[PDB]
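Peer 1: Quick one: structure below, then a few questions.
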Amino acid sequence: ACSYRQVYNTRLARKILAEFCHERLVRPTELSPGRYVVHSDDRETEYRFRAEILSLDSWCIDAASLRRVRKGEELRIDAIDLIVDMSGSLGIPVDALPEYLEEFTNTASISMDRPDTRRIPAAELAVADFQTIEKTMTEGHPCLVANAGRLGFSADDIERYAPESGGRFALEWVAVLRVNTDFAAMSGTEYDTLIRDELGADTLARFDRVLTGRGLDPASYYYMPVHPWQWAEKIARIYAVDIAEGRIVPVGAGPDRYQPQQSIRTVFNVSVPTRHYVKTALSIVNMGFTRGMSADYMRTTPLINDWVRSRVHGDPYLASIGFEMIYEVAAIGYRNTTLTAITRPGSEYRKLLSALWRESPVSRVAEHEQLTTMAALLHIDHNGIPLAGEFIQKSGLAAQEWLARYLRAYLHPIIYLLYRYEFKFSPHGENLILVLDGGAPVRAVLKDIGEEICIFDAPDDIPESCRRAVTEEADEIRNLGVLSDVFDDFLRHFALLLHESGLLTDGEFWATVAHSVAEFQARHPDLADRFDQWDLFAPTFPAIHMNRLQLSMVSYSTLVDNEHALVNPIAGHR
């Protein structure tokens, strides 16, 4: 049973219409004020809808008005048909259209072909635990359309390893020769103690007998975890000679059970929630990118984290708002002599056998508190109920107030980190975890750190390990760290959802944001010089069309659009 395929099909088509309008891949025609037509490329289909244009070029399209008329016959709204009707106007090379359609069809089956069993109403979710929310997510990246290709997964691999399935599998472990492997950790973390807390006495012993019965000494090796897919699809075949020759040794599966997170390749220990997340190499293609991990990065990522942790260690403002970071505390990476020989850096043959551990947040929260992916604010249940509003009702706060506390919990530390420390991260729904109390916002945790951080002003003793992360940028576009990364890439999507549902009009939303930024600026007069340098109340900033990059991905200097400016919603209150 899947009673709801058309509900999601219309949602999807609506997102395509509004994202592609926003990026001006689709410029519709105004027939009356507020009433629009979009013509198909073959001029056979017409797409009629009413829409309100909210702040940041947000097309809020009335689904009840949305009509599809082909040769004068009225048709069901269909999202795939919509992309095909538009492939030309979108600048998709005819060479590329079948490949794109595959990516996008897989994206769409997540919502549409979801069994009715795995559907949870919004109000039940609002009191669900952390990981239920995690698997009930289906929206994906709010900006990109073809956002869940998972190119590489069979239909079973989706069943077992995709987040929205909710599987609880084990990790396969292997022994890798210490001479072919790079281990690393932050200060305070060591291999011998990490592996103890992670696997325990019995397991470590079991792995060890495996190893000694093969006549091998467990001291020549590290143990490291492997995603069961990556093992069978890539390691067992590509490293076939090494497994033969005993440099890689299967040793079995760990007892604990894991749940994939929205990242797919980051899994959460559900058996022992305070043990670490594990991030594994998954050589599949999702939003144009491969999800392998170079051993090259494995060397430096724990080091970059140690730097960041000691810059922000002891920060009184961050402590006062409760802002945590959860770090990648240790990484491990296998290098193959023959394969490293015949390959330039960045090769996927160097991103196969890697893994890194990351702190779980669970110990840092009260028993009455609740964790949730930030992506949950953009969640809407199959009955059309926005999960965000179930948090607002439960909370005992008005929507406006709820929003204000949310912004303090999330926007304020992001700003501070960019203006006090000149750090930019990726503050999007997947990389933030909200801490709620009975539904009210409390504070926030940032998660994806070593691979995503931009340092704009490192001291003279920046460890060379973080040279990857250093990155000059013009003062003219420094404010994009909030204005595009946060305002246009996330808050814009929250504002439409709150306005369409009547919970908060687009105007009250941005008036709040404006008062939010002002209150932060007033809490930090010693940064007033920087606030003038990098103008958060600038009147316009340039768009960065997410879906264009994919339809061709990721410095902002070379992504910004030349002749598309976005009108800064909060500038009106400067």
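Ordering of the structure tokens sets the chain letters (A, B, ...), residue numbers begin anew at 1 in every chain, and ligands are numbered from 1 in the order given.
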Would you please extract all helix (DSSP H, G or I) residues from range 232-345 of chain A, as assigned by DSSP on the backbone, and give them as a PyMOL selection string?

Peer 2: chain A and resi 232-238+240-244+295-312+316-321+337-341

Peer 1: Store the residues of this selection in a file with N, CA and C atoms, as a compact mmCIF listing (two decimals), in the first residue's frame.

Peer 2:
```txt
# COMPACT_ATOMS: atom_id res chain seq x y z
N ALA A 232 31.77 -5.36 -0.55
CA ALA A 232 31.50 -6.31 -1.63
C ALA A 232 31.58 -5.66 -3.00
N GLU A 233 31.14 -4.41 -3.13
CA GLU A 233 31.17 -3.80 -4.45
C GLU A 233 32.54 -3.26 -4.81
N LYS A 234 33.36 -2.85 -3.84
CA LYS A 234 34.61 -2.23 -4.25
C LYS A 234 35.86 -2.89 -3.66
N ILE A 235 35.89 -3.09 -2.34
CA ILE A 235 37.14 -3.51 -1.71
C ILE A 235 37.49 -4.94 -2.11
N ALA A 236 36.51 -5.85 -2.01
CA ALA A 236 36.80 -7.27 -2.21
C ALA A 236 37.28 -7.55 -3.62
N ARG A 237 36.79 -6.79 -4.61
CA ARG A 237 37.27 -6.93 -5.97
C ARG A 237 38.52 -6.08 -6.25
N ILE A 238 38.47 -4.77 -6.00
CA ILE A 238 39.56 -3.89 -6.43
C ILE A 238 40.85 -4.15 -5.63
N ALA A 240 41.69 -6.95 -4.52
CA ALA A 240 41.69 -8.41 -4.49
C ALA A 240 43.08 -8.96 -4.20
N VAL A 241 44.11 -8.37 -4.82
CA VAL A 241 45.47 -8.88 -4.61
C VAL A 241 45.91 -8.66 -3.17
N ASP A 242 45.51 -7.53 -2.56
CA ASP A 242 45.93 -7.23 -1.19
C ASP A 242 45.26 -8.17 -0.19
N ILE A 243 43.98 -8.44 -0.38
CA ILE A 243 43.29 -9.38 0.50
C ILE A 243 43.91 -10.76 0.37
N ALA A 244 44.27 -11.14 -0.86
CA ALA A 244 44.95 -12.40 -1.09
C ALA A 244 46.24 -12.44 -0.30
N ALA A 295 42.32 8.50 1.68
CA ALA A 295 43.21 8.37 2.82
C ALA A 295 44.01 9.64 3.01
N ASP A 296 44.25 10.34 1.90
CA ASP A 296 44.89 11.64 1.95
C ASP A 296 44.17 12.54 2.95
N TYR A 297 42.85 12.66 2.83
CA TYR A 297 42.11 13.49 3.77
C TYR A 297 42.07 12.88 5.16
N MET A 298 42.23 11.57 5.25
CA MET A 298 42.09 10.91 6.53
C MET A 298 43.22 11.37 7.44
N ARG A 299 44.40 11.60 6.85
CA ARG A 299 45.57 12.11 7.58
C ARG A 299 45.26 13.42 8.27
N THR A 300 44.70 14.37 7.53
CA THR A 300 44.62 15.74 8.02
C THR A 300 43.33 16.05 8.75
N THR A 301 42.23 15.34 8.49
CA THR A 301 40.96 15.77 9.05
C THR A 301 40.96 15.82 10.58
N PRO A 302 41.43 14.80 11.32
CA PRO A 302 41.49 14.94 12.78
C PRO A 302 42.35 16.11 13.24
N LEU A 303 43.37 16.47 12.46
CA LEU A 303 44.24 17.59 12.82
C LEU A 303 43.52 18.92 12.68
N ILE A 304 42.89 19.17 11.53
CA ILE A 304 42.08 20.37 11.37
C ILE A 304 41.10 20.51 12.53
N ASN A 305 40.54 19.39 12.98
CA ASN A 305 39.56 19.44 14.06
C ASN A 305 40.21 19.89 15.36
N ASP A 306 41.41 19.39 15.65
CA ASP A 306 42.12 19.80 16.86
C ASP A 306 42.40 21.30 16.84
N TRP A 307 42.78 21.83 15.68
CA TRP A 307 42.96 23.27 15.57
C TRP A 307 41.67 24.00 15.93
N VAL A 308 40.59 23.70 15.20
CA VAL A 308 39.32 24.38 15.44
C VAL A 308 38.91 24.27 16.91
N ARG A 309 39.04 23.08 17.50
CA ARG A 309 38.59 22.91 18.88
C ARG A 309 39.35 23.81 19.83
N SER A 310 40.63 24.08 19.54
CA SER A 310 41.42 24.89 20.46
C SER A 310 41.28 26.39 20.22
N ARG A 311 40.90 26.82 19.01
CA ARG A 311 40.44 28.19 18.80
C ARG A 311 39.17 28.51 19.59
N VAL A 312 38.19 27.59 19.58
CA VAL A 312 36.91 27.82 20.24
C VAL A 312 36.86 27.24 21.64
N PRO A 316 33.49 32.09 26.00
CA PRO A 316 32.40 32.39 26.92
C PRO A 316 31.06 32.63 26.24
N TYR A 317 31.02 33.20 25.04
CA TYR A 317 29.73 33.44 24.40
C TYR A 317 29.12 32.13 23.93
N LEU A 318 29.91 31.33 23.20
CA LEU A 318 29.47 30.01 22.78
C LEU A 318 29.04 29.17 23.97
N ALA A 319 29.76 29.26 25.08
CA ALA A 319 29.31 28.50 26.24
C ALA A 319 28.00 29.03 26.76
N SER A 320 27.76 30.32 26.61
CA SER A 320 26.58 30.89 27.24
C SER A 320 25.32 30.54 26.47
N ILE A 321 25.44 30.31 25.16
CA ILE A 321 24.30 29.90 24.34
C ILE A 321 24.20 28.37 24.16
N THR A 337 50.08 0.65 -2.75
CA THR A 337 51.30 1.09 -3.41
C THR A 337 51.10 1.18 -4.92
N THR A 338 50.69 0.07 -5.53
CA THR A 338 50.54 0.01 -6.98
C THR A 338 49.48 0.98 -7.47
N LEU A 339 48.40 1.15 -6.70
CA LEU A 339 47.30 2.01 -7.11
C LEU A 339 47.62 3.48 -6.89
N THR A 340 48.30 3.81 -5.80
CA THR A 340 48.73 5.19 -5.60
C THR A 340 49.75 5.58 -6.65
N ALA A 341 50.57 4.61 -7.07
CA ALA A 341 51.55 4.84 -8.13
C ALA A 341 50.90 5.38 -9.40
```

Peer 1: Mind the document's chain letters and residue numbers, and return as JSON, numbers by chain the residues of range 222-420 of chain A that DSSP labels strand (DSSP E or B).

Peer 2: {"A": [222, 223, 224, 225, 226, 248, 249, 250, 251, 252, 253, 258, 259, 260, 266, 267, 268, 269, 277, 278, 279, 280, 282, 283, 284, 285, 286, 289, 290, 291, 324, 325, 328, 329, 330, 331, 332, 333, 334, 354, 355, 356, 357, 358, 369, 370, 371, 372, 373, 380, 386]}

Peer 1: Residues within 7 Å of residue 573 in chain A, please, as a ChimeraX atom specification. Count only C-alpha atoms; anything in the same chain fewer than 2 positions from it doesn't count.

Peer 2: /A:514,570-571

Peer 1: When you look at residue 283 in chain A with a cut-off of 7 Å (counting only C-alpha atoms), what residues show up, excluding the ones that are within fewer than 6 positions of it in the same chain? I need them as a list in words.

Peer 2: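 Counting only the stated atoms, we get residues 230, 290, 291, 292 and 352 of chain A.
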
Peer 1: Those residues you just picked out, can you put them in a file as a PDB file, in the first residue's frame with N, CA, C and O atoms?

Peer 2:
```
ATOM      1  N   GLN A 230      30.308  -1.134   0.361  1.00  0.00           N
ATOM      2  CA  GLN A 230      31.610  -0.800  -0.201  1.00  0.00           C
ATOM      3  C   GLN A 230      32.507  -2.021  -0.217  1.00  0.00           C
ATOM      4  O   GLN A 230      33.255  -2.250  -1.178  1.00  0.00           O
ATOM      5  N   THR A 290      30.966  11.873  -5.762  1.00  0.00           N
ATOM      6  CA  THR A 290      31.206  10.550  -5.203  1.00  0.00           C
ATOM      7  C   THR A 290      31.366  10.662  -3.699  1.00  0.00           C
ATOM      8  O   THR A 290      31.828  11.678  -3.178  1.00  0.00           O
ATOM      9  N   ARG A 291      30.958   9.614  -3.000  1.00  0.00           N
ATOM     10  CA  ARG A 291      30.978   9.585  -1.548  1.00  0.00           C
ATOM     11  C   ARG A 291      32.072   8.669  -1.003  1.00  0.00           C
ATOM     12  O   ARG A 291      31.955   8.140   0.106  1.00  0.00           O
ATOM     13  N   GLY A 292      33.136   8.470  -1.773  1.00  0.00           N
ATOM     14  CA  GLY A 292      34.342   7.885  -1.236  1.00  0.00           C
ATOM     15  C   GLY A 292      35.030   8.860  -0.289  1.00  0.00           C
ATOM     16  O   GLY A 292      34.579   9.982  -0.041  1.00  0.00           O
ATOM     17  N   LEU A 352      38.660   4.537  -1.671  1.00  0.00           N
ATOM     18  CA  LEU A 352      37.905   3.310  -1.435  1.00  0.00           C
ATOM     19  C   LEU A 352      37.896   2.876   0.028  1.00  0.00           C
ATOM     20  O   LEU A 352      36.823   2.653   0.587  1.00  0.00           O
TER      21      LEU A 352
END
```

Peer 1: As an exercise, work out the distance from CA of residue 156 in chain A to CA of residue 134 in chain A in Å and give it to one decimal place.

Peer 2: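 Straight-line distance from CA of residue 156 in chain A to CA of residue 134 in chain A works out to 19.9 Å.
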
Peer 1: Pick out the residues sitting within 7 Å of residue 174 in chain A, and hand them over as number ranges by chain; count only C-alpha atoms, and ignore anything fewer than 2 positions along from it in its own chain.

Peer 2: A: 172, 176, 223-225, 248-251

Peer 1: May I have the residues from that selection written out with N, CA, C and O atoms, as a CSV table (one decimal), in the first residue's frame?

Peer 2:
```
chain,number,residue,atom,x,y,z
A,172,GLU,N,31.0,-4.3,8.8
A,172,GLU,CA,32.1,-5.3,8.6
A,172,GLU,C,33.4,-4.6,9.0
A,172,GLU,O,33.7,-3.5,8.7
A,176,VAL,N,43.9,-4.0,8.6
A,176,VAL,CA,44.8,-3.4,7.6
A,176,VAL,C,46.2,-3.3,8.2
A,176,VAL,O,46.4,-2.8,9.3
A,223,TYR,N,42.5,-2.4,13.1
A,223,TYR,CA,41.2,-2.7,12.7
A,223,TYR,C,40.5,-1.4,12.2
A,223,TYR,O,40.7,-0.3,12.8
A,224,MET,N,39.7,-1.5,11.2
A,224,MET,CA,38.9,-0.4,10.7
A,224,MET,C,37.6,-0.9,10.1
A,224,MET,O,37.5,-2.0,9.6
A,225,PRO,N,36.5,-0.1,10.3
A,225,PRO,CA,35.2,-0.5,9.8
A,225,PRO,C,35.0,-0.2,8.3
A,225,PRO,O,35.6,0.7,7.7
A,248,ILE,N,45.1,-7.0,3.8
A,248,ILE,CA,43.7,-6.7,4.3
A,248,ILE,C,43.1,-8.0,4.7
A,248,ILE,O,43.1,-8.9,3.9
A,249,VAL,N,42.6,-8.0,5.9
A,249,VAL,CA,42.0,-9.3,6.4
A,249,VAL,C,40.6,-9.1,7.0
A,249,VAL,O,40.5,-8.5,8.1
A,250,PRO,N,39.6,-9.6,6.3
A,250,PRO,CA,38.3,-9.7,6.9
A,250,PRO,C,38.3,-10.4,8.3
A,250,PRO,O,39.0,-11.4,8.4
A,251,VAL,N,37.6,-9.8,9.3
A,251,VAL,CA,37.7,-10.4,10.6
A,251,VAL,C,36.2,-10.6,11.2
A,251,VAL,O,36.1,-11.1,12.3
```

Peer 1: Determine the nearest neighbour of residue 553 in chain A from the options A:130, A:169, A:239, A:289, counting only C-alpha atoms.

Peer 2: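 That would be A:289, the residue with the smallest distance to residue 553 in chain A.
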